[PDB]
Each structure stands twice: as C-alpha cells, then as structure tokens.
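Peer 1: Structure file work.txt, compact mmCIF, C-alpha atoms, is pasted below:
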```txt
# COMPACT_ATOMS: atom_id res chain seq x y z
CA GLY N 1 19.42 13.45 -0.26
CA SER N 2 16.08 11.85 0.58
CA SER N 3 15.37 8.47 2.17
CA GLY N 4 12.94 6.56 4.37
CA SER N 5 13.00 4.16 7.31
CA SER N 6 10.93 1.84 9.49
CA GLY N 7 10.97 -0.26 12.65
CA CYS N 8 8.56 -2.26 14.79
CA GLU N 9 8.61 -5.40 16.94
CA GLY N 10 5.79 -7.86 17.54
CA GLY N 11 6.27 -11.23 19.20
CA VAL N 12 4.35 -13.19 21.81
CA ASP N 13 4.40 -16.75 23.16
CA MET N 14 2.17 -19.29 21.40
CA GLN N 15 -1.10 -18.24 23.04
CA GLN N 16 -3.48 -18.61 20.09
CA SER N 17 -3.55 -18.89 16.30
CA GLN N 18 -6.06 -19.44 13.49
CA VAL N 19 -4.02 -21.94 11.47
CA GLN N 20 -4.30 -25.70 10.97
CA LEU N 21 -0.86 -26.22 9.42
CA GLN N 22 2.71 -25.34 10.38
CA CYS N 23 4.64 -24.00 7.39
CA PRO N 24 8.00 -22.18 7.26
CA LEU N 25 7.76 -18.53 6.20
CA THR N 26 8.79 -14.96 7.01
CA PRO N 27 6.99 -11.66 7.70
CA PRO N 28 6.82 -8.75 5.23
CA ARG N 29 9.69 -6.25 5.13
CA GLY N 30 10.40 -3.01 3.29
CA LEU N 31 6.81 -2.55 2.13
CA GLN N 32 5.81 0.82 0.68
CA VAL N 33 4.01 2.45 -2.26
CA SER N 34 5.29 4.97 -4.81
CA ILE N 35 3.88 7.12 -7.60
CA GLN N 36 4.89 6.39 -11.19
CA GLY N 37 7.67 8.87 -11.94
CA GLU N 38 8.54 11.77 -9.65
CA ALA N 39 5.63 14.19 -10.02
CA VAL N 40 5.24 17.64 -8.46
CA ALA N 41 1.65 18.76 -8.99
CA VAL N 42 -0.99 16.86 -10.96
CA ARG N 43 -4.19 18.33 -12.41
CA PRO N 44 -7.69 17.32 -11.24
CA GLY N 45 -9.29 14.58 -13.31
CA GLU N 46 -6.02 12.93 -14.30
CA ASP N 47 -5.83 9.22 -13.46
CA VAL N 48 -2.84 8.57 -11.21
CA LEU N 49 -0.80 5.36 -11.14
CA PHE N 50 0.48 3.80 -7.91
CA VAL N 51 3.47 1.46 -8.17
CA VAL N 52 3.89 -1.05 -5.34
CA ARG N 53 6.94 -3.22 -4.65
CA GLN N 54 8.71 -5.13 -1.88
CA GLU N 55 12.33 -5.66 -0.81
CA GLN N 56 12.13 -9.40 -0.15
CA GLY N 57 8.40 -10.08 -0.16
CA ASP N 58 9.26 -13.53 1.16
CA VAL N 59 5.93 -13.79 2.98
CA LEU N 60 3.15 -15.73 1.26
CA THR N 61 0.00 -14.33 -0.36
CA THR N 62 -0.64 -11.29 1.83
CA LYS N 63 -3.61 -8.93 1.96
CA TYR N 64 -3.46 -5.23 1.07
CA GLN N 65 -5.92 -2.47 1.95
CA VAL N 66 -5.51 0.83 0.09
CA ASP N 67 -7.25 3.90 1.49
CA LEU N 68 -7.79 6.79 -0.92
CA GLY N 69 -9.43 8.93 1.75
CA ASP N 70 -11.84 10.45 -0.76
CA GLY N 71 -14.50 7.87 0.04
CA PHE N 72 -12.95 5.45 -2.44
CA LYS N 73 -12.06 2.14 -0.79
CA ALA N 74 -10.64 -1.06 -2.28
CA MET N 75 -9.15 -4.29 -0.94
CA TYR N 76 -6.38 -5.87 -3.03
CA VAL N 77 -4.82 -9.27 -2.37
CA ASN N 78 -1.24 -10.15 -3.29
CA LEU N 79 -0.70 -6.71 -4.83
CA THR N 80 3.07 -7.18 -5.04
CA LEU N 81 2.52 -10.59 -6.64
CA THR N 82 0.24 -9.26 -9.38
CA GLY N 83 2.58 -6.29 -9.62
CA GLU N 84 -0.25 -4.21 -11.05
CA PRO N 85 -0.55 -0.40 -10.78
CA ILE N 86 -3.51 1.17 -8.98
CA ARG N 87 -5.32 3.67 -11.21
CA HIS N 88 -7.36 6.42 -9.57
CA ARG N 89 -8.76 9.68 -10.95
CA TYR N 90 -9.66 12.69 -8.81
CA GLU N 91 -12.45 15.23 -9.30
CA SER N 92 -11.66 18.22 -7.08
CA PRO N 93 -8.14 19.56 -6.44
CA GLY N 94 -6.56 19.13 -3.01
CA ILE N 95 -3.81 17.16 -1.31
CA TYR N 96 -5.04 13.63 -0.58
CA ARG N 97 -3.96 11.14 2.08
CA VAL N 98 -3.24 7.62 0.81
CA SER N 99 -2.40 4.65 3.02
CA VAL N 100 -1.95 0.87 2.90
CA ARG N 101 -2.24 -2.08 5.29
CA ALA N 102 -0.56 -5.48 4.99
CA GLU N 103 -1.09 -8.41 7.35
CA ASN N 104 -0.08 -11.97 6.46
CA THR N 105 -0.11 -15.22 8.43
CA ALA N 106 3.46 -14.30 9.36
CA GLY N 107 3.75 -10.57 9.94
CA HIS N 108 2.17 -7.28 8.90
CA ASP N 109 3.41 -4.07 7.26
CA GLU N 110 1.85 -0.65 6.69
CA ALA N 111 2.69 2.54 4.80
CA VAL N 112 1.33 6.02 4.09
CA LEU N 113 1.73 8.24 1.02
CA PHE N 114 0.74 11.87 0.46
CA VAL N 115 -0.57 12.99 -2.93
CA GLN N 116 -0.98 16.56 -4.19
CA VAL N 117 -3.30 17.70 -6.98
CA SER N 118 -3.37 21.39 -7.87
CA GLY N 119 -6.04 22.90 -10.10
CA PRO N 120 -5.43 24.23 -13.63
CA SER N 121 -3.59 27.12 -11.99
CA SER N 122 -0.16 27.98 -13.39
CA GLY N 123 2.70 25.69 -12.42
```
Could you express the structure from this file as structure tokens?
Peer 2:
Amino acid sequence: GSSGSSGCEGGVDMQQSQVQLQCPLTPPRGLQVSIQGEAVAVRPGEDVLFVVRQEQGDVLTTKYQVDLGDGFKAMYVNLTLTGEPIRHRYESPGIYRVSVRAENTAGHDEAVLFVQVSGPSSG
C-alpha cells in the first residue's frame, strides 16, 4: 500500500515575538494537498483541481503559499477554512512541481506535490 509521513521540531525560549496578545492555540498538523480523484496522466490545457484539507487544523487563520512552478504564483489565506479547490490550467505538457507553505502565529507546515501532464499521445 501507499502512505505518507512527516516530522519536525521547532521550539526556542521566549526571545522575541510579534504579538500583542496571549491566546491559547496549537500549531498546524497533518497538512498536505491532493488532486481531485486519482489521476494518471492529464492532457495539456485541462484545468486541474487541487483539494486541500487538514487533520486537526486547530491553528487559527493561517497563511498558505502555493507554488505552481510555471511562473504562476498565488497567495491564499485560510485555504482549509474556505475549503475551496485551486483551479489551474496548463499550456505545454510536462511534469510540474507544486508546493505549499503554511506558517501561523503558532506553528508552520509545508508540503510538496508532483503533477504529470502528458500530451495528446496515446494513454
């Protein structure tokens, strides 16, 4: 079968912080993106949908930075909250490298997805 995993630590004494209010919260966990339905090879010019979700998403309104790699760049905020798919159409065929960055007042999570788009060739 197939499965993923993660792991990273980040803690330091109270040296500095850009916050004027102490509120109870927790960092992001189990953050990753997925493509609508298991697809093998998509054709060029077909808008692709990216489904994002979280395991606990306890953290508050967090920021999200999606990197298409093909010059396209967008900055979404509270993606999980809005639970809205990310549409994106390609022009030329070729495996693309997608990534995401999440950093909230509590913690920060990141993920990377690989997309493949083959031309009109058989298959």
Peer 1: How many Å lie between CA of residue 72 (chain N) and CA of residue 8 (chain N), rounded to one decimal?
Peer 2: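 Separating CA of residue 72 (chain N) from CA of residue 8 (chain N) is a distance of 28.6 Å.
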Peer 1: Determine, using all atoms listed in the file, which residues of region 26-47 of chain N have any atom at most 12 Å from an atom of region 74-91 of chain N, and tabulate each with its shortest atom pair and distance in Å to one decimal place, rows ordered by chain and then rising number, as CSV.
Peer 2:
```
residue,atom,partner,partner_atom,distance
N:28,CA,N:80,CA,11.0
N:30,CA,N:80,CA,11.9
N:31,CA,N:80,CA,9.3
N:32,CA,N:80,CA,10.2
N:33,CA,N:80,CA,10.1
N:34,CA,N:85,CA,9.9
N:35,CA,N:85,CA,9.3
N:36,CA,N:85,CA,8.7
N:42,CA,N:90,CA,9.9
N:43,CA,N:90,CA,8.6
N:44,CA,N:91,CA,5.5
N:45,CA,N:90,CA,4.9
N:46,CA,N:89,CA,5.4
N:47,CA,N:89,CA,3.9
```
Peer 1: For region 87-102 of chain N, what centre and edge lengths in Å (one decimal) does the axis-aligned box get once 5 Å is added on each side of all its listed atoms, as JSON?
Peer 2:
```
{"center_x": -6.5, "center_y": 7.0, "center_z": -3.0, "size_x": 21.9, "size_y": 35.0, "size_z": 26.5}
```
Peer 1: Can you work out which one of N:3, N:99, N:22, N:122 has the shortest atom-to-atom distance to residue 66 (chain N), counting only C-alpha atoms?
Peer 2: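 Closest to residue 66 (chain N) of all the choices is N:99.
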Peer 1: Which residues come within 12 Å of residue 37 (chain N), counting all atoms listed in the file, excluding same-chain residues fewer than 5 positions away, as a list in words?
Peer 2: residues 42, 48, 49, 50 and 51 of chain N
Peer 1: Please save C-alpha atoms of the selected residues as a JSON list (two decimals), in the coordinates of the input.
Peer 2:
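Dumped to again09.json:
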```
[["chain", "number", "residue", "atom", "x", "y", "z"],
["N", 42, "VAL", "CA", -0.99, 16.86, -10.96],
["N", 48, "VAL", "CA", -2.84, 8.57, -11.21],
["N", 49, "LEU", "CA", -0.80, 5.36, -11.14],
["N", 50, "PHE", "CA", 0.48, 3.80, -7.91],
["N", 51, "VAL", "CA", 3.47, 1.46, -8.17]]
```
Peer 1: Interatomic distance between CA of residue 39 (chain N) and CA of residue 102 (chain N)?
Peer 2: 25.5 Å
Peer 1: Can you work out which one of N:105, N:111, N:41, N:55 has the shortest atom-to-atom distance to residue 23 (chain N), counting only C-alpha atoms?
Peer 2: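 Distance minimum relative to residue 23 (chain N) lands on N:105.
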Peer 1: Rounded to one decimal place, report the CA of residue 70 (chain N)-CA of residue 97 (chain N) distance in Å.
Peer 2: 8.4 Å
Peer 1: I'd like the contact shell of residue 11 (chain N) - 12 Å cut-off, all atoms listed in the file, skipping same-chain residues fewer than 2 positions apart - returned as a PyMOL selection string.
Peer 2: chain N and resi 8-9+13-15+27+106-108
Peer 1: Using only C-alpha atoms, which of N:69, N:1, N:24, N:10 sits nearest residue 112 (chain N)?
Peer 2: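 Looking at the shortest contact to residue 112 (chain N), the residue is N:69.
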Peer 1: Just give me the residues with any atom within 8 Å of (-1.6, 8.4, -1.6), file coordinates, counting all atoms listed in the file, written as a list in words.
Peer 2: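 Residues with an atom close enough to that point: residues 67, 68, 96, 97, 98, 99, 112, 113, 114 and 115 of chain N.
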Peer 1: Between N:104, N:20, N:73, N:95, single out the one closest to residue 61 (chain N), counting all atoms listed in the file.
Peer 2: N:104
Peer 1: Between N:26, N:65, N:6, N:54, which one has atoms that come closest to residue 101 (chain N), using all atoms listed in the file?
Peer 2: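 Using all atoms listed in the file, the shortest distance to residue 101 (chain N) belongs to N:65.
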Peer 1: Can I get region 57-85 of chain N with N, CA and C atoms filled in, as an mmCIF file, in the coordinates of the input?
Peer 2:
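Okay, this is what ended up in out_36.cif:
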```
data_model
loop_
_atom_site.group_PDB
_atom_site.id
_atom_site.type_symbol
_atom_site.label_atom_id
_atom_site.label_comp_id
_atom_site.auth_asym_id
_atom_site.auth_seq_id
_atom_site.Cartn_x
_atom_site.Cartn_y
_atom_site.Cartn_z
ATOM 1 N N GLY N 57 9.710 -9.489 0.028
ATOM 2 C CA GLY N 57 8.400 -10.080 -0.160
ATOM 3 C C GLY N 57 8.417 -11.588 -0.041
ATOM 4 N N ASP N 58 9.155 -12.094 0.942
ATOM 5 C CA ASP N 58 9.260 -13.530 1.160
ATOM 6 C C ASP N 58 7.922 -14.106 1.624
ATOM 7 N N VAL N 59 7.219 -13.353 2.464
ATOM 8 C CA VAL N 59 5.930 -13.790 2.980
ATOM 9 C C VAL N 59 5.035 -14.314 1.864
ATOM 10 N N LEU N 60 4.072 -15.153 2.229
ATOM 11 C CA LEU N 60 3.150 -15.730 1.260
ATOM 12 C C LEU N 60 2.045 -14.741 0.901
ATOM 13 N N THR N 61 1.112 -15.179 0.060
ATOM 14 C CA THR N 61 0.000 -14.330 -0.360
ATOM 15 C C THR N 61 -0.518 -13.494 0.803
ATOM 16 N N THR N 62 -0.202 -12.203 0.782
ATOM 17 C CA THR N 62 -0.640 -11.290 1.830
ATOM 18 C C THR N 62 -1.767 -10.390 1.347
ATOM 19 N N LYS N 63 -2.505 -9.813 2.290
ATOM 20 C CA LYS N 63 -3.610 -8.930 1.960
ATOM 21 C C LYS N 63 -3.170 -7.468 1.985
ATOM 22 N N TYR N 64 -3.793 -6.651 1.142
ATOM 23 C CA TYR N 64 -3.460 -5.230 1.070
ATOM 24 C C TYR N 64 -4.726 -4.380 1.032
ATOM 25 N N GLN N 65 -4.767 -3.359 1.882
ATOM 26 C CA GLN N 65 -5.920 -2.470 1.950
ATOM 27 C C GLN N 65 -5.506 -1.024 1.670
ATOM 28 N N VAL N 66 -5.844 -0.537 0.481
ATOM 29 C CA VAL N 66 -5.510 0.830 0.090
ATOM 30 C C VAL N 66 -6.633 1.792 0.451
ATOM 31 N N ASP N 67 -6.273 2.899 1.092
ATOM 32 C CA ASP N 67 -7.250 3.900 1.490
ATOM 33 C C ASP N 67 -7.007 5.220 0.760
ATOM 34 N N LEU N 68 -7.911 5.559 -0.154
ATOM 35 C CA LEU N 68 -7.790 6.790 -0.920
ATOM 36 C C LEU N 68 -8.114 8.006 -0.061
ATOM 37 N N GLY N 69 -9.051 7.837 0.868
ATOM 38 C CA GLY N 69 -9.430 8.930 1.750
ATOM 39 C C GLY N 69 -10.601 9.726 1.205
ATOM 40 N N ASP N 70 -10.757 9.722 -0.114
ATOM 41 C CA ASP N 70 -11.840 10.450 -0.760
ATOM 42 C C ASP N 70 -13.073 9.564 -0.922
ATOM 43 N N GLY N 71 -13.354 8.754 0.095
ATOM 44 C CA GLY N 71 -14.500 7.870 0.040
ATOM 45 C C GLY N 71 -14.192 6.565 -0.672
ATOM 46 N N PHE N 72 -13.323 6.633 -1.676
ATOM 47 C CA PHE N 72 -12.950 5.450 -2.440
ATOM 48 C C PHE N 72 -12.209 4.444 -1.562
ATOM 49 N N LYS N 73 -12.674 3.199 -1.583
ATOM 50 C CA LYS N 73 -12.060 2.140 -0.790
ATOM 51 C C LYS N 73 -11.998 0.836 -1.578
ATOM 52 N N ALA N 74 -10.833 0.198 -1.564
ATOM 53 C CA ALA N 74 -10.640 -1.060 -2.280
ATOM 54 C C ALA N 74 -9.720 -1.995 -1.500
ATOM 55 N N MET N 75 -9.957 -3.296 -1.633
ATOM 56 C CA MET N 75 -9.150 -4.290 -0.940
ATOM 57 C C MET N 75 -8.460 -5.220 -1.944
ATOM 58 N N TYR N 76 -7.153 -5.048 -2.103
ATOM 59 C CA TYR N 76 -6.380 -5.870 -3.030
ATOM 60 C C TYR N 76 -5.655 -6.987 -2.293
ATOM 61 N N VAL N 77 -5.502 -8.125 -2.963
ATOM 62 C CA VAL N 77 -4.820 -9.270 -2.370
ATOM 63 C C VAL N 77 -3.628 -9.700 -3.218
ATOM 64 N N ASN N 78 -2.457 -9.754 -2.591
ATOM 65 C CA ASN N 78 -1.240 -10.150 -3.290
ATOM 66 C C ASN N 78 -0.819 -9.083 -4.296
ATOM 67 N N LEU N 79 -1.052 -7.822 -3.949
ATOM 68 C CA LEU N 79 -0.700 -6.710 -4.830
ATOM 69 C C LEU N 79 0.681 -6.917 -5.439
ATOM 70 N N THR N 80 1.698 -6.987 -4.585
ATOM 71 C CA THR N 80 3.070 -7.180 -5.040
ATOM 72 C C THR N 80 3.150 -8.313 -6.063
ATOM 73 N N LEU N 81 2.518 -9.437 -5.747
ATOM 74 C CA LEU N 81 2.520 -10.590 -6.640
ATOM 75 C C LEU N 81 2.037 -10.206 -8.032
ATOM 76 N N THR N 82 0.820 -9.673 -8.105
ATOM 77 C CA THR N 82 0.240 -9.260 -9.380
ATOM 78 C C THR N 82 1.017 -8.094 -9.980
ATOM 79 N N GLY N 83 1.800 -7.415 -9.147
ATOM 80 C CA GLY N 83 2.580 -6.290 -9.620
ATOM 81 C C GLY N 83 1.813 -5.411 -10.586
ATOM 82 N N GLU N 84 0.592 -5.045 -10.209
ATOM 83 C CA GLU N 84 -0.250 -4.210 -11.050
ATOM 84 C C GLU N 84 -0.464 -2.835 -10.418
ATOM 85 N N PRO N 85 -0.374 -1.780 -11.240
ATOM 86 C CA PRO N 85 -0.550 -0.400 -10.780
ATOM 87 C C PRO N 85 -2.001 -0.101 -10.399
#
```
